[PDB]
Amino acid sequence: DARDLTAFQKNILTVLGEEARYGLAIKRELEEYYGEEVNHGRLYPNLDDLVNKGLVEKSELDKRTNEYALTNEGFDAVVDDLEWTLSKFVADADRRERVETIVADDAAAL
């Protein structure tokens, strides 16, 4: 099940939920999130795991540059965890208003 993934693996799926990204690009996003370096020896072995699980698709582009993207299963895993997270956070009216402001501010910033 996708609910048993590690936090690092779930964060990869989150990064790819925004848009498909080259391996090097995923590293940058994760490094910005964690605020610390992400070693090559950790990212790509986990990317391969997500590909084997059917959650991520690997597209080998021209020359040694790979683009990773969420599969339909991967996207469902991202939505599933978001729905559960929101089911626990939206516990009253103030919580709802907080999430709606976040969503609205993010969308306007697009």
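For the two forms, the rigid core is made up of the largest set of C-alpha atoms that agree within 1.5 Å on superposition. Each residue number is its position in the shown sequence, starting from 1.
In 7 other deposited structures of this protein, superposed by the rigid core, the C-alpha atoms of 61-69 lie farther from the shown form than the other of 37-45 and 61-69.
Mean CA temperature factor is higher for 56-64 when stretches 56-64 and 41-49 are set side by side in the entry. Averaged over Cα atoms, the B-factor as recorded in the entry is higher for 69-77 than for the other of 69-77 and 30-38.
Split the chain's modelled residues into thirds by C-alpha temperature factor. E100 is in the lowest one. In the deposited entry, the Cα temperature factor of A7 places it in the lowest third of its chain's modelled residues.
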